[PDB]
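Going by our numbering, the sequence shown opens with residue 13, and the numbers climb by one from there. Just so it is clear, CB atoms sit at the ideal spot from N, CA and C, and this is done for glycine as well.
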Amino acid sequence: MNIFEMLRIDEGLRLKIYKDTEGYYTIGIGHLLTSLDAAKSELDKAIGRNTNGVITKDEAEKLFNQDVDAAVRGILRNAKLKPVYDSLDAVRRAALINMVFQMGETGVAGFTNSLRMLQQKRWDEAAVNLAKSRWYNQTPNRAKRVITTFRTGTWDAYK
Ligand SMILES: [Cl-]
Ligand SMILES: [Cl-]
């Protein structure tokens, strides 16, 4: 199991524009675009071609690669995230990247209390704290998966 496999399971694959769990235009593997026209535009600009709203698997994967790379770099550039990331083992690092991919560096950065818990390796507590969020309430199955990953340090929730 790895980050790519982990996110591909959390986000699914869609070759046709679509609306996200919160109604935003998205495509491929959780590639957030945002108006459909505005979204079509963004999409065209992301792909460099006239897409008419549809992409190939290859195209979705290209975006996905760019996006995982971007999440990692953001983490590493972030003064609040980097120290947490540095203190973690490989599996849990994957869990942090997943959250970033989904909510953005900023969104994750604001889980201040949880972060401190993670940094201090208080597993059970951080799992409980992480659960007290809109994120958990809005996409509970996904959230439960990431949280179990932080709590156990294993890939059991994905297997
Ligand atoms: Cl892009
Ligand atoms: Cl979910």
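DSSP state of residue i, grouped into three classes?
i: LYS28; result: strand
i: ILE67; result: coil
i: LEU45; result: coil
i: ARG61; result: coil
First and last residue of the alpha helix (DSSP H) that includes residue i?
i: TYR148; result: 146-150
i: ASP101; result: Taken as a continuous stretch (DSSP letters only), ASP101 belongs to no alpha helix (DSSP H), as it is neither H nor E.
i: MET18; result: 15-23
i: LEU93; result: Neither: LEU93 is in no alpha helix (DSSP H) and is coded neither H nor E.
i: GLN131; result: 124-131
Can you give me the start and stop residues for the beta strand (DSSP E) that residue i sits inside?
i: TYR37; result: 37-40
Can you give me the Cβ contacts of residue i inside the same chain, cut-off strictly under 6 Å, excluding the 5 residues immediately before and after it?
i: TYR148; result: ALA155
Determine, using beta carbons only, whether residue i and residue j come nearer to each other than 8 Å.
i: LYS28; j: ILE39; result: yes
i: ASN110; j: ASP32; result: no
i: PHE162; j: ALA138; result: yes
i: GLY165; j: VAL103; result: yes
i: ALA72; j: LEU19; result: no
i: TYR36; j: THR46; result: yes
i: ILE87; j: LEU108; result: yes
i: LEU93; j: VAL120; result: yes
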